[PDB]
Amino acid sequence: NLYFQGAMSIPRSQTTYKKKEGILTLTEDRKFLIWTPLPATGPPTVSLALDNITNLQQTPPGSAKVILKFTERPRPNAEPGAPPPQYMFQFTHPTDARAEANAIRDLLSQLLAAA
């Protein structure tokens, strides 16, 4: 009858969003995926509630870029043919890009299924 929560630390990963460099992480409550542009002392420019995330995709290993793509629920007044909102983050750590992507992906998938 035991219940366990995830206990891996929250990563802060070097990532590019809409061609600007920044940091992808989660809020301390693990409810929001947040991206903040460098220097990273301002507020996030992307804040995605894990409750609104509907898919998580990745470039396959050996691709030119390491990218995670998060899809969000359609916005309330979107037209029915419109694509859903999406957010692509390219991992730019020179050696650890794919490792960091995997770590975020794993943490996110665990949280998404836990909720």
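Heads up: residue numbers just count along the shown sequence, starting at 1.
Annotation: residue 72 does not belong to the positions left without coordinates in a third of the other compared entries; each one with flanking residues models it. Residue 46, present in the displayed chain, carries coordinates in each of the other PDB entries compared that cover both sides of it, far from a third leaving it out. Look at the C-alpha B-factors of 86-94 and of 69-77. On average they run higher in 69-77. The PDB entry assigns the greatest CA B-factor among 45, 63, 57, 41 to 41.
Ranked within its chain, residue 9 lands in the highest third, by CA B factor from the PDB record.
Compared with the other modelled residues of the chain, the Cα B-factor recorded for residue 105 ranks in the lowest third.
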